[PDB]
Amino acid sequence: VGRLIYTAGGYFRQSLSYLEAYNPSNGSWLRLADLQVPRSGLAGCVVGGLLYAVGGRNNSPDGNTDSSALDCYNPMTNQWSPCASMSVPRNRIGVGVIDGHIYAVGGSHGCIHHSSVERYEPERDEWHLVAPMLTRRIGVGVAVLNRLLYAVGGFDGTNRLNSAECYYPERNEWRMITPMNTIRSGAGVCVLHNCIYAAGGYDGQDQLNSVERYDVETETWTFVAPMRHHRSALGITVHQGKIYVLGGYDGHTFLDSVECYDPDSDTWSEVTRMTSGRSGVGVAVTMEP
Ligand SMILES: COc1cccc(S(=O)(=O)N(CC(=O)O)c2cccc(-n3ncc(C(=O)O)c3C3CC3)c2)c1
């Protein structure tokens, strides 16, 4: 009990510093301490009850600065603290947590599209590079299932991708998995039960409302019910057995819509609205502040 969905950063006209937390138990939103530096295209995650904001870019009227930053938010104090920075700036990043360690995957630095991957050790406050992906990927969806790390879709600098790959930590090795049925860059990727879900994204022509899931045992991708809204650069998380998608861009509007997927009924429903429309947020779940 007592866990909230935190959304950090994002974009609307410029990169944002907002940290806001939604309580599914009562529908309330809380505005919390702003990020020290505005950022869009970041990712969020939680280790040990602390929220981490990783990478992104500060797009402002006076600049576009890609971020190598790792910042830690403590709900007990409502304060952000800098942690060790990554080896390289990573905008349009994806992240995943394995056994208390944060993996930062891909992303861009200027016109460079990274295949590199690095791993953070909170206990030592250190990053170290691990094996790079087989493909350069920005706008990459990342999730962890059964202590394996998945990198899904994205953009390699020439093509948006339907491909996906998996990292096996004990071998420090990446291997391709079955590709998705749809090209997706800037999708929301998460894990629910024994499947990796890829929701939304951009296929090179349109923002998508379709959603597909990879069953790690059968190695197949299957479509589930589509979202009500097409969206790219959405936030996503799982809470109490349901997927939540937050914001994104539908080709016309920066959405404030938050939708919730119930896997038992295979249905999406609108559950709340963010306080303002935005895309490119980082999202994670931890205890209320
Ligand atoms: C029109 O304004 C917009 C519209 C949507 C999002 C933003 S954003 O400020 O949130 N943002 C812009 C940036 O960093 O350029 C961002 C963040 C994460 C990933 C991605 N991402 N990565 C690759 C692709 C693709 O086109 O294949 C995309 C885009 C999402 C499909 C972009 C600004």
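Definitions and limits used
- Residues numbered from 1 in each chain as written, not as in the entry; some residues may be left out.
- Heavy atoms only, no water.
- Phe/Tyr/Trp six-rings, centres within 6.5 Å; stacked < 30°, edge-to-face > 60°.
- Buried < 20%, exposed > 50% of the residue type's maximum accessible area, 1.4 Å probe, protein only.
- Helix = DSSP H or I, 4+ residues; strand = E, 2+ residues; numbered from the N terminus.
- Near = heavy atom within 4 Å.
- Polar contact = N/O pair within 3.5 Å; in protein donor to acceptor, adjacent residues only side chain to side chain.
- Nonpolar A, V, L, I, M, F, W, Y, C, P; charged D, E, K, R; others polar.
- Pairing = 2+ DSSP bridges.
- Axes fitted to C-alpha atoms, helices over the stretch in contact; angles between N-to-C directions.
- Contact = heavy atoms within 4.5 Å.

Under the PDB entry, the name given to the protein is Kelch-like ECH-associated protein 1, and the organism recorded is Mus musculus. This entry carries the title "Keap1 kelch domain bound to a small molecule inhibitor of the Keap1-Nrf2 protein-protein interaction".

Caption draft 1: Structural detail: the packing of aromatic side chains. Going through the model one piece at a time under the given rule, you end up with 14 aromatic pairs. On the numbers, 5.2 Å between centres and 45 degrees between planes, the contact of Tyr 22 with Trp 29 is tilted. You can call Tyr 22 buried: its relative accessible area is 5%. A relative accessible area of 19% means that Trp 29 is categorised as buried. Measuring from ring centre to ring centre gives 6.3 Å for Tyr 150 and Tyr 214, while their planes differ by 55 degrees; the resulting arrangement is tilted. Of this pair, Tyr 150 sits in strand β19 (residues 148-152) while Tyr 214 sits in strand β24 (residues 211-215), and the two are 64 residues apart along the sequence. The exposure classification of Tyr 150 matches that of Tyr 214, with both residues buried.

Caption draft 2: Representation of the site of the ligand. Inspection of the region around the ligand gives 16 residues, with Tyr 11, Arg 92, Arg 160, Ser 185 and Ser 279 positioned closest. Between an oxygen atom of the ligand and a side-chain N or O atom of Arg 92, the distance comes to 2.8 Å. Within the side chain of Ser 279, one N or O atom sits 3.0 Å away from an oxygen atom of the ligand. Of the residues belonging to the shell around the ligand, the class tally is 5 nonpolar, 8 polar and 3 charged.

Caption draft 3: Here's a closer look at the sheet that holds strand β13 (residues 101-105). The strand order across the open sheet built from 4 strands is β12-β13-β16-β17, with neighbouring strands paired in antiparallel fashion. At either margin of the open sheet sits one strand with a lone partner, and together these are β12 (94-98) and β17 (126-130). Adjacent strand axes in the sheet meet at a mean angle of 25 degrees, parallel and antiparallel pairs treated alike. Where β13 and strand β16 (residues 117-121) come together, 4 bridges link them in antiparallel fashion. Paired with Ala 104 across the two strands is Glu 118, which belongs to β16.

Caption draft 4: Quick look at the environment of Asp 266. Residue position: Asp 266 is located in the loop between β28 (257-262) and β29 (267-273). Among the residues examined, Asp 266 registers a relative accessible area of 35% and is labelled partly exposed. Through-space distance from the C-alpha of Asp 266 to that of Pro 226 is 9.2 Å; in sequence the pair is 40 residues apart. Aside from chain neighbours lying at most four places away, what touches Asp 266 is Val 224, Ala 225 and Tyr 261. A polar contact of 3.0 Å, which involves the side chain of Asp 266, links it to the backbone nitrogen of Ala 225.

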